[PDB]
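Order of the sequence lines fixes the chain letters, A, B, ..., with proteins taken first and strands second; residue numbering starts at 1 for each chain. For the numbers below, each heavy atom of this structure counts, side chains included, while hydrogens, waters and symmetry mates do not.
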Amino acid sequence: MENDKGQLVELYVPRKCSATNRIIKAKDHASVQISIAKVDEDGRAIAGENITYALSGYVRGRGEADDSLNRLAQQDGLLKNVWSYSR
Amino acid sequence: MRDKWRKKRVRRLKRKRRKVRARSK
Amino acid sequence: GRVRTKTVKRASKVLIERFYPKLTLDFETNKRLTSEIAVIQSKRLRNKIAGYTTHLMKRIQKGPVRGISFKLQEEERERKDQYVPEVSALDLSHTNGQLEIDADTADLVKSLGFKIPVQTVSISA
Amino acid sequence: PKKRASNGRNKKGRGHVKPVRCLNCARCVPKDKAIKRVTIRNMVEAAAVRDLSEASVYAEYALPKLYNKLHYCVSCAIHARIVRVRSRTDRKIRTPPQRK
Amino acid sequence: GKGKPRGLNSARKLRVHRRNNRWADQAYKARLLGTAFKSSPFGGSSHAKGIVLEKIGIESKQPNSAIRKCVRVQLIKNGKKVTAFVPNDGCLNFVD
Amino acid sequence: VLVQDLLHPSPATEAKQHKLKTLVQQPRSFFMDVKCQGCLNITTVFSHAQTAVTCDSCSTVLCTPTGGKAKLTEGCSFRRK
Amino acid sequence: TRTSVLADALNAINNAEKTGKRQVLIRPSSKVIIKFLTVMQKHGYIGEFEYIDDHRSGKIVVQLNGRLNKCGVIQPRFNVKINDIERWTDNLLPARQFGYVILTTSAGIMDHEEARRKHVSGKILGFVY
Amino acid sequence: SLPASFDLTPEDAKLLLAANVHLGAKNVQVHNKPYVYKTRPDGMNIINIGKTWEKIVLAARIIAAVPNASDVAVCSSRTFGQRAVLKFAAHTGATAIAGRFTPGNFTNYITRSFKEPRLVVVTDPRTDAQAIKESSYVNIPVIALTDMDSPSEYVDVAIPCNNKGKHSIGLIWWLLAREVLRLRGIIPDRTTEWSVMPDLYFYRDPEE
Amino acid sequence: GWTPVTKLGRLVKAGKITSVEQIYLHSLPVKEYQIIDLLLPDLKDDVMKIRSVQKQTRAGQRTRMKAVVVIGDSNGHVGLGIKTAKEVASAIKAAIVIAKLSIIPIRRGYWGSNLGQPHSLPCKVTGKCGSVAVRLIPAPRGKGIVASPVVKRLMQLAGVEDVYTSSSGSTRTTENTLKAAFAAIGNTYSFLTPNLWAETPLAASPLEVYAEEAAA
RNA sequence: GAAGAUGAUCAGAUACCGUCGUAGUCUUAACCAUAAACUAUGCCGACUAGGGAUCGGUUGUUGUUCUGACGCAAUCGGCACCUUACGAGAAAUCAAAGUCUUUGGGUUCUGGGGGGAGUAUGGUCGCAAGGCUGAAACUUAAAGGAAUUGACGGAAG
Ligand SMILES: [Mg+2]
Ligand SMILES: [Mg+2]
Ligand SMILES: [Mg+2]
Ligand SMILES: [Mg+2]
Ligand SMILES: [Mg+2]
Ligand SMILES: [Mg+2]
Ligand SMILES: [Mg+2]
Ligand SMILES: [Mg+2]
Ligand SMILES: [Mg+2]
Ligand SMILES: [Mg+2]
Ligand SMILES: [Mg+2]
Ligand SMILES: [Mg+2]
Ligand SMILES: [Mg+2]
Ligand SMILES: [Mg+2]
Ligand SMILES: [Mg+2]
Ligand SMILES: [Mg+2]
Ligand SMILES: [Mg+2]
Ligand SMILES: [Mg+2]
Ligand SMILES: [Mg+2]
Ligand SMILES: [Mg+2]
Ligand SMILES: [Mg+2]
Ligand SMILES: [Mg+2]
Ligand SMILES: [Zn+2]
Ligand SMILES: [Zn+2]
């Protein structure tokens with residue numbers, strides 16, 4: 001959100017759920033941010049270098065967080081043949 | 001009083017009214 | 001009845017959590033020690049505290065007590081529970097040398113890129 | 001307010017259920033609503049099963065049982081302590097009491 | 001569907017239903033029945049003159065305890081008899 | 001399940017569905033070629049036949065109607081077309 | 001019975017979006033449903049949608065992207081003059097800067113901004129934001 | 001993506017199959033359906049241990065992404081997992097919560113053992129409901145060892161395994177510990193045999 | 001002398017976290033009011049209502065005092081606190097504390113053209129508590145806060161200049177009215193608008209980048 | 001077994017309790033048209049969540065007994081139930097009482113503070129008892145719903 005002169009009058013551009021695209025509210029304490037380490041070719045975790053996902057408290061409350069991470073990680077290559085698109 | 005008996009009392013009083021009016025028709 | 005109160009129960013377990021190495025199983029020694037360790041206003045409370053500290057020490061020497069940690073219980077337990085047998089009991093040496101998995105699981109093993117010897121067991125019940 | 005989701009009876013998918021008489025007071029109570037207990041008691045009390053077996057002319061004679069199904073209205077059952085007042089959350093429990 | 005018609009051609013049903021149901025509103029009912037014209041002692045007027053018949057003390061309702069000093073007045077316009085309160089400390093002595 | 005391929009359901013779950021509840025409804029019935037034991041003459045019979053069908057050659061009942069699939073008489077072999 | 005297939009379609013889309021699903025199945029399809037979906041897709045409120053031919057009214061599978069707050073029909077389809085569009089957008093839309101009232105005009109089914117661009121009006125059909 | 005060295009090795013597959021990890025409960029909830037390979041005719045559900053392995057590696061990579069190892073809290077109210085979580089904490093530097101979980105440990109900031117973990121790992125979602133419930137109050141992600149009947153509410157990473165097995169719990173915890181140390185570099189590579197044996201991490205009765 | 005007991009408190013006592021928007025971006029729970037005092041120094045509170053509630057006992061009623069406090073900076077942040085205590089002064093002091101702990105950001109937007117600073121809400125919002133439903137509608141630059149004095153005070157402390165309001169239900173229940181209006185004003189950062197459709201990268205949490213400063 | 005007759009209890013009980021008892025209870029021809037006629041929840045259509053039972057039909061299949069029964073799977077329809085609360089609600093609670101200020105799938109009926117009063121009057125139906133339709137004057141600041149704490153109970157523990 002910006003004014004006529006172009007300044008970003010918006011404070012706090014919020015985060016969005018990786019699964020449902022909902023805005024993660026300031027007091028949504030059931031929402032989490034999963035951080036998964038990147039692994040180099042030696043099998044070592046690269047320090048301070050992560051794949052990050054955010055889940056709203058709605059998804060976590062419904063129990064869909066596990067299946068959503070399975071899908072998101074499989075699409076990002078973090079997993080192989082664990083999540084299936086067709087049920 | 002109980003609603004059922006209140007209804008019965010009013011029914012008997014309507015009955016009396018009708019009988020009283022029938023004298024003069 | 002002779003039920004000790006919380007002012008003696010918690011004061012005794014603070015003594016155990018704080019001076020276990022210096023404590024003992026003797027009431028007379030515990031009585032003298034708590035008179036130099038704690039400021040007890042009355043002799044009767046001192047004796048009650050030392051008698052329950054002695055009872056707790058006598059119970060600790062017979063095994064672990066619930067709720068009292070004195071900076072040596074876990075130090076002794078960390079290396080007390082390190083037992084591991086030479087044979088793994090999960091290593092496939094107790095059997096003939098191959099898994100006793102069910103034939104249905106054997107299909108899962110074949111589905112994965114694995115060649116694992118199997119003696120299929122069909123309970124079928 | 002509504003005290004029970006079952007309205008204190010066991011009528012669902014039904015219009016009318018014919019009544020039964022309370023064993024104790026002969027009150028008409030719907031068959032689904034009545035408190036029903038099946039009792040199978042020995043016909044001879046255990047004190048007398050001995051002297052009656054000694055007085056028996058039959059070797060290995062089995063004493064017959066007494067079979068009965070009792071129907072109580074809510075008042076009969078509560079008064080006779082067949083059922084008792086339970087807490088609001090304990091009312092929902094409908095498994096037989098774990099005594100036997 | 002909220003229990004009222006929504007069709008584009010159901011204006012008659014909506015208008016008639018509202019017309020039937022405004023009779024449950026006593027302000028509308030009293031306005032159209034003309035109860036003030038027929039039943040009100042003043043006949044719908046704000047004020048009305050009359051002749052004082054007698055000075056009467058009326059006991060107040062509980063929990064209050066007092067004698068509210070009113071008068072019986074016969075209205076000139078229609079001859080009806082009403083009770084009228086005389087406000088303030090001692091204004092009954094002004095009314096004969 | 002929030003993300004799911006509705007256009008390509010798994011054929012296993014697709015086969016358990018009611019005949020009207022698939023993406024495109026399709027009958028589960030079929031037509032059969034019935035060989036009576038006496039002779040060999042193709043007779044097309046509906047799987048869920050409501051008629052006691054008799055073959056043209058010999059007046060022998062091939063199937064007896066039931067609630068669902070028709071029941072073939074003894075000595076009658078069917079082959080799905 | 002089934003009196004409005006557009007209302008059924010939009011209700012199904014709303015329930016799937018509220019539950020976080022990324023796809024929804026609509027049955028039956030129609031031209032009005034497809035053109036309403038085309039307006040929503042053109043403005044980015046839905047993703048790709050798919051028409052399934054079953055030699056009947058048809059079926060649709062819609063991909064949802066989580067941007068849709070609410071879509072709905074307006075029953076009945078009131079006649080809307082150009083001067084009434086302001087009243088409808090005031091009542092239905094959350095703000096003056098986004099959201100669309102969908103109309104069916106003789107120039108076609110379109111949002112109220114396009115209707116203002118070509119200076120046409122018809123019957124109100126629904127909304128989306 | 002991932003090097004092929006991270007694939008399920010035959011040795012680990014032998015451990016997993018010999019430990020009855022693949023035996024899942026009779027009744028499976030709808031959310032655990034992807035983890036079931038096939039139902040055994042007695043009624044037990046066979047767990048796709050390839051998926052179990054991959055979830056183990058993903059979970060260990062999330063654990064390895066936490067900077068302070070003590071910020072990882074490993075929980076077990078079951079007695080079968082208490083030794084496993086205690087040894088996991090010893091090897092990895094995590095903070096173990098064995099036995100009873102005191103309600104308010106995450107929300108009540110004046111309690112004795114008030115912790116603020118960045119990640120909570122659970123032996124069983126059913127018996128550790130309190131830890132999951134409070135983590136959902138203070139934005140704590142949850143990794144849980146889930147059986148086919150385990151609830152999935154407020155569980156982010158589910159490791160499909162047998163939660164009710166004496167050897168299953170210890171093996172899964174041992175596998176996580178090995179992978180966390182491999183990723184951290186404590187174990188030099190993915191081929192060196194680890195000193196610790198899966199018998200350690202197995203619950204021992206007071207008899208011994 | 002404040003000694004923080006939380007990771008967030010330690011990171012705020014040090015200069016690691018300097019604005020409440022970093023707190024809100026990661027939904028960090030706030031449990032120490034000194035965090036809010038440090039990051040939002042210029043806060044104004046208002047005791048909207050004081051009520052006496054009674055618990056009947058064997059001897060007689062047991063009366064306690066219930067205070068409702070609205071806190072805000074008139075620049076996009078507002079909180080609401082309700083606390084019961086034996087005394088009015090203590091009830092007010094604790095309600096101020098939890099009003100600080102509940103401070104949330106609000107989204108100001110434009111009615112019509114985006115000329116100048118935002119003056120109104122970006123969309124229609126509604127909140128409900130009990131039977132009371134409070135609806136806030138964006139209003140042009142002339143109209144002030146068209147609301148009852150209770151909701152108007154919350155809007156002023158939140159920094160909204162121009163807004164229409166409508167309430168339904170038992171609005172005389174002041175606590176429910178304030179809770180419903182507070183929920184509505186907080187829904188501005190929950191309503192997805194097209195200018196927020198762009199995907200933003202998930203930054204690392206400050207508790208992650210400053211893990212050692214929040215250790216102990 | 002209404003009414004009634006009678007013996008108890010009681011200060012009085014033509015009440016409760018006991019013994020009899022007439023209409024009635026049953027049936028045939030007609031009337032009556034009302035019930036807490038209740039799920040106090042209109043009907044039709046769509047969608048939204050997990051689970052195990054169960055009745056009817058159909059379709060695939062057993063370490064089972066003797067074709068049928070049973071067992072294991074699917075499904076359509078029902079009668080329900082358990083869990084959760086996404087959601088609703090004032091709450092009790094509700095898989096509908098949800099998809100309702102982010103307010104519009106179709107449609108019928110009903111309500112508008114408490115009484116007066118389902119009364120009066122007119123009409124109409126009925127053999128009658130009565131049914132249906134149905135006011136006003138006047139009067140009144142609450143009546144009422146759900147829940148909380150306590151107090152009490154000839155309620156339980
Ligand atoms: Mg009652
Ligand atoms: Mg009935
Ligand atoms: Mg129309
Ligand atoms: Mg068309
Ligand atoms: Mg038109
Ligand atoms: Mg009002
Ligand atoms: Mg007498
Ligand atoms: Mg008799
Ligand atoms: Mg007769
Ligand atoms: Mg009748
Ligand atoms: Mg009626
Ligand atoms: Mg009923
Ligand atoms: Mg009714
Ligand atoms: Mg009807
Ligand atoms: Mg329906
Ligand atoms: Mg619908
Ligand atoms: Mg069946
Ligand atoms: Mg079929
Ligand atoms: Mg329920
Ligand atoms: Mg129900
Ligand atoms: Mg009224
Ligand atoms: Mg009440
Ligand atoms: Zn009775
Ligand atoms: Zn033939």
Side-chain angles (χ1 to χ4, degrees), chain A residues 58 61-63, chain B residues 7 10-11 13-15 17, chain C residues 122-125, chain D residues 1-3 5 7 11-15 78-79 81 84-86 92 94, chain E residues 1-7 10 13 21-26 33 35 38-39, chain F residues 15-21 28 48 66-69, chain G residues 1-16 18-21 24-25 27 69-76 78 91-94 99 124 126-127 129, chain H residues 27 29-31 41 151 153, chain I residues 54-62 123-126 128 130-131 133-135 137 166 168-170 176 187 191:
Chain A
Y58 172 79
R62 302 287 270 133
Chain B
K7 173 182 196 162
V10 176
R11 281 195 182 195
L13 190 153
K14 285 192 60 187
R15 188 185 288 169
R17 274 194 195 105
Chain C
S122 300
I123 61 170
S124 302
Chain D
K2 204 167 169 186
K3 187 159 177 180
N7 300 115
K11 189 185 73 51
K12 285 281 172 68
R14 203 151 302 104
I78 285 177
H79 186 66
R81 301 169 169 85
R84 292 165 207 266
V85 160
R86 300 196 286 181
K92 306 199 200 170
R94 51 160 48 215
Chain E
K2 263 179 181 172
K4 51 182 158 187
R6 277 209 195 106
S10 62
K13 182 67 180 293
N21 281 270
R22 294 182 69 188
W23 287 107
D25 186 332
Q26 45 175 266
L33 294 192
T35 61
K38 317 281 194 55
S39 296
Chain F
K16 305 182 330 177
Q17 294 298 291
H18 190 262
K19 68 168 186 193
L20 299 171
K21 301 265 176 54
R28 262 74 185 264
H48 293 77
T66 75
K69 298 164 89 160
Chain G
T1 44
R2 204 185 286 264
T3 66
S4 170
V5 303
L6 185 66
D8 280 1
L10 300 193
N11 179 262
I13 295 179
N14 273 327
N15 289 355
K18 292 181 181 179
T19 56
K21 302 180 185 299
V24 63
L25 172 81
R27 179 194 69 96
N69 283 292
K70 192 177 208 298
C71 62
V73 298
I74 295 299
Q75 292 296 110
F78 296 103
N91 299 341
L92 302 181
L93 300 185
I124 187 173
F127 57 88
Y129 52 85
Chain H
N27 57 5
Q29 66 181 358
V30 67
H31 288 143
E153 270 74 34
Chain I
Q54 304 178 342
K55 163 175 151 66
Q56 181 82 274
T57 67
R58 178 209 318 261
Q61 293 83 17
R62 180 219 67 182
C123 52
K124 300 168 183 166
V125 296
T126 314
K128 194 190 173 63
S131 85
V134 176
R135 188 190 203 207
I137 298 90
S166 79
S168 61
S170 169
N176 284 0
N187 278 336
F191 197 97

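With rounding to whole Å, G:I74 atom CD1 is found 9 Å from J:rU103 atom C1'. When the P atom of J:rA73 is taken as reference, atom CD of F:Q17 falls 18 Å away, rounded to whole Å. Counting to the nearest Å, the P atom of J:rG104 and the CG atom of G:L92 are 11 Å from each other. In this structure, G:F127 atom CZ and J:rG104 atom P are separated by 9 Å, rounded to whole Å. Rounded to whole angstrom, the span from the CG atom of G:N14 across to the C1' atom of J:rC47 amounts to 10 Å. With rounding to whole Å, H:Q29 atom CD is found 13 Å from J:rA49 atom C1'. Distance, A:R62 CZ to J:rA85 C1': 9 Å, rounded to whole Å. Regarding G:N11, its CG atom lies at a distance of 11 Å from the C1' atom of J:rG45, rounded to whole Å.
Annotation: of the two residues near RNA chain J, E:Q26 and E:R6, the 5′-most nearest-nucleotide partner is E:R6. In this structure, E:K13 and B:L13 both approach RNA chain J, and ranking their closest nucleotides by distance from the 5' end singles out E:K13.
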Show each protein N/O and nucleotides 40-42 of chain J N/O combination with a separation under 3.5 Å, one pair to a line.
| unit_1 | atom_1 | unit_2 | atom_2 | d |
| --- | --- | --- | --- | --- |
| J:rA40 | OP1 | D:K2 | NZ | 3.1 |
| J:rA40 | OP2 | D:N7 | ND2 | 3.0 |

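Here the nucleotide nearest the side chain of F:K69, chosen from J:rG105, J:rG60, J:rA137, is J:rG60. Closest to the side chain of G:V73, from the set J:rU48, J:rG104, J:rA151, is J:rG104. Of the candidates J:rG112, J:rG104, J:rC44, J:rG104 carries the atom nearest the G:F78 side chain, counting heavy atoms from C-beta on. Between J:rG150, J:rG60, J:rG112, one nucleotide has an atom nearer to the side chain of I:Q56 than all others, and that is J:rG150. Closest to the side chain of F:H18, from the set J:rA151, J:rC76, J:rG105, is J:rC76. Residue E:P5 places its side chain closer to J:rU107 than to any other of J:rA129, J:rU48, J:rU107. Proximity note for F:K16 (side chain, C-beta onward) versus J:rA156, J:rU75, J:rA92: the nearest is J:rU75. When distances run from any side-chain atom of I:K128 to the nucleotides J:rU102, J:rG89, J:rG50, the shortest one goes to J:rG89. Proximity note for G:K21 (side chain, C-beta onward) versus J:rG104, J:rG51, J:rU48: the nearest is J:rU48. Candidate nucleotides J:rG60, J:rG131, J:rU99 were compared by shortest atom distance to the side chain of B:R11, and J:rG131 ranks first.
Nucleotides J:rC109 and J:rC43, compared at atom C1', are 11 Å apart to the nearest Å. When the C1' atom is used for both J:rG118 and J:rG106, the distance is 35 Å, rounded to whole Å. Between J:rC86 and J:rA49, the distance separating the two P atoms is 14 Å to the nearest Å. For the P atoms, the distance from J:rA13 to J:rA33 is 43 Å, rounded to whole Å. For J:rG130 and J:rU119, the P atoms lie 11 Å apart once the distance is rounded to whole Å. Taking the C1' atoms as reference points, J:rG98 lies 41 Å from J:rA151, given to the whole Å. When the P atom is compared between J:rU14 and J:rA8, the two are found 11 Å apart, to the nearest whole Å. Between J:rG115 and J:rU148, the two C1' atoms lie 31 Å apart (nearest whole Å).
An OP1 or OP2 oxygen of J:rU59 is reached within less than 4.0 angstrom by no side-chain nitrogen or oxygen of F:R28. Side-chain nitrogen and oxygen atoms of D:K12 include at least one within less than 4.0 Å of the OP1 or OP2 phosphate oxygen of J:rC81. Between F:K21 and the phosphate of J:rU75, there is no side-chain N or O to OP1/OP2 separation shorter than 4.0 Å. For the pair G:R2 and J:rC44, the criterion of a side-chain N or O lying under 4.0 Å from OP1 or OP2 is not met. For J:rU103, the OP1/OP2 oxygens have no side-chain nitrogen or oxygen of I:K124 closer than 4.0 Å. Between D:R81 and J:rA156 there is a side-chain N or O to OP1 or OP2 distance below 4.0 Å. Here G:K70 reaches the OP1 or OP2 of J:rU103: one of its side-chain N or O atoms lies under 4.0 Å away.
Judged by the 3.5 Å cutoff on both pairing distances, J:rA23 and J:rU149 do not qualify as a Watson-Crick or G-U wobble pair. In this structure J:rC47 is paired with J:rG98, meeting the Watson-Crick or G-U wobble definition at both distances under 3.5 Å. Nucleotide J:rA49 is annotated as paired to J:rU83 [Watson-Crick or G-U wobble, both distances under 3.5 Å]. Between J:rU103 and J:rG150 there is no base pair of the Watson-Crick or G-U wobble kind with both donor-acceptor distances below 3.5 Å. J:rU107 and J:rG50 are not base-paired: they meet neither the Watson-Crick nor the G-U wobble geometry with both distances under 3.5 Å.
Across the strands present, J:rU58 finds its partner in J:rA74; the criterion is a Watson-Crick or G-U wobble pair with both atom distances under 3.5 angstrom. Taking a pair to require two hydrogen-bonding distances under 3.5 Å in either a Watson-Crick or a G-U wobble arrangement, J:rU121 remains unpaired. Under the Watson-Crick or G-U wobble criterion, with both distances below 3.5 Å, J:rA35 is left unpaired in every strand shown.
For J:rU65, the sign convention on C1'-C2'-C3'-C4' gives a north pucker, since the angle is positive. With a negative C1'-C2'-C3'-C4' torsion, the sugar ring of J:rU39 falls in the south range. The furanose ring of J:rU103 falls on the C2'-endo (south) side of the pseudorotation cycle, as its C1'-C2'-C3'-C4' torsion is below zero. From the dihedral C1'-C2'-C3'-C4', which is positive here, one reads the pucker of J:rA146 as north, toward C3'-endo.
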Reading nucleotides 139-144 of chain J from the 5' end, what letters show protein touch, with B for base, S for backbone sugar-phosphate only, - for no heavy atom under 4.0 Å?
-S----
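J:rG63 adopts a syn glycosidic conformation, its chi angle falling within 90° of 0.
For the pair I:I137 and I:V125, the minimum side-chain heavy-atom distance is 4.5 Å or more. Inter-residue side-chain proximity for G:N11 and G:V73 is flagged as unmet; no heavy-atom pair is nearer than 4.5 Å. A heavy-atom distance below 4.5 Å is found between the side chains of G:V5 and G:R2. Side-chain contact between B:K14 and B:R11: absent, with no pair of heavy atoms (C-beta onward) separated by less than 4.5 Å.
Base stacking between strand neighbours J:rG126 and J:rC127 is not detected by the criterion of six-membered ring centres within less than 5.5 Å and interplanar angle below 30°. Adjacent nucleotides J:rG89 and J:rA90 fail the stacking criterion: their six-membered base rings are not both under 5.5 Å apart at the centres and under 30° between the planes. Stacking between J:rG111 and J:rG112 holds: their six-membered rings sit with centres below 5.5 angstrom apart and planes below 30 degrees. Using a cut-off of 5.5 Å between ring centres and 30° between planes, the six-membered base rings of J:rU102 and J:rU103 fail to qualify as stacked.
Using a 4.0 Å heavy-atom cutoff across all strands shown, E:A24 reaches at least one base atom of the nucleic acid.
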Working note: G:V24 + G:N15, criterion side chain to side chain contact (heavy atoms under 4.5 Å, CB included); need CA distance, chi angles, decisive distance, verdict.
CA-CA 9 Å; G:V24 63; G:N15 289 355; over 6 Å; no
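At distances below 3.5 Å, at least one donor-acceptor pair connects side-chain atoms of I:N187 with backbone N or O atoms of I:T126.
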